[PDB]
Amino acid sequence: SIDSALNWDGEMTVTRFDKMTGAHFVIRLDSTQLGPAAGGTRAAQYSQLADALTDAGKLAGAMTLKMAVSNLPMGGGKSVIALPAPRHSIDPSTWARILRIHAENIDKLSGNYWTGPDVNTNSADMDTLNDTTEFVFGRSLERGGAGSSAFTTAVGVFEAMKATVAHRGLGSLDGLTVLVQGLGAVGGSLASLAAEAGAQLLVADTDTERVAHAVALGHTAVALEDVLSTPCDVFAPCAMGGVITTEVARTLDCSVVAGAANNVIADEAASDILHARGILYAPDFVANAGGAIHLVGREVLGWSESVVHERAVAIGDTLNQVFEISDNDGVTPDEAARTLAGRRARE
């Protein structure tokens, strides 16, 4: 919206336009209070620049909260590259220039922003960025980075889901129906984990093959148009953000929402409805923090893989703390998580 695009209260917005590629670049540094801003690079198509600006600020603010609540010494930032065509349709040469320009932008911030992967960007892209700027996390193991953080994120989301299920009074995942929306790197692993835990998995993905494979594995497909109306115990959004609008919140037929997506909730009203409806939501910025713990933990703190897994597991404990505040103060899980974030950040 105009407000989220222009009247954003974060510390800094960096924009650039490259006529040659037709790509627009946005970097939003929400906060550098706890340290340099850090957050991945999302590359996607947007209807209007306003949307790209809006998303960057929402994602950046989520990163600040995520580092805060996760006890990681970094601020929150995010880059959004507004593509002139579908990612898949971008030619190699064009993509390469795009990354080059993005790296130059990051470089000007001289360490006030550290990037990483996000939607449509990967370790190879991080490496390419690294060919021009030092401020990049998530480079391939071969190039010196921590590599993929997908599994770590999956672990964090899974533990989040277990803690939530337990708090909601459902006991364990065993015998629960979990609807995973998005069978990507993280969602795929999450499904595997929950299935191993005894849950029955309902899955949805825009990629046919992905779905058929899941089915091949014993899972059950859910048509796209049926996703939001399909009864389940847990709804696990692991695709795009903004899924839970007020209307969605009013009609979701589950008892827990716990997934990997960023900015899952469309507005505060949605969050209240869920609460009111007895649907326990595990706040995104808490639940999906595994990625950040992996990259920051490994690359900044020198933590081993085992340690980062351990810390990702502790996301369950953080959520238990979130739930306690929610229950005690009678506020939504999101509010409670913001409160915890502030307390941990020593605000």
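Heads up: residue numbers just count along the shown sequence, starting at 1.
Exercise. According to the deposited model, is the average Cα temperature factor higher in 26 to 34 or in 45 to 53?
Worked result: Mean CA B-factor is higher for 45 to 53.
Problem set entry | Which of 142 to 150 and 210 to 218 has higher mean CA B factor, as the PDB entry lists it | Between 210 to 218 and 142 to 150, it is 210 to 218.
For this session: Would you mind finding, among 260, 194, 163, 248, the residue with the largest C-alpha temperature factor in the entry?
Result: The listed residue with the largest C-alpha B-factor is 248.
Exercise. What's the residue among 95, 235, 135, 158 with the greatest CA temperature factor in the PDB record?
Worked result: Out of 95, 235, 135, 158, the record gives the largest C-alpha B-factor to 95.
For this session: Taking the values exactly as deposited, rank residue 318 by C-alpha B-factor within its chain and report the matching third: lowest, middle or highest.
Result: Answer is middle: the recorded C-alpha B-factor places it there.
Exercise. Residue 87: which third of its chain by C-alpha temperature factor?
Worked result: Within its chain, residue 87 is a highest-third residue by C-alpha B-factor, going by the deposited values.
Exercise. Looking at the C-alpha B-factor of residue 309, is it in the lowest, middle or highest third of its chain?
Worked result: Within its chain, residue 309 is a highest-third residue by C-alpha B-factor, going by the deposited values.
For this session: Taking the values exactly as deposited, rank residue 204 by C-alpha B-factor within its chain and report the matching third: lowest, middle or highest.
Result: Residue 204: CA B-factor falls in the highest third of its chain.
Problem set entry | Lowest, middle or highest third - CA B-factor, residue 344 | It falls in the bottom third of the chain.
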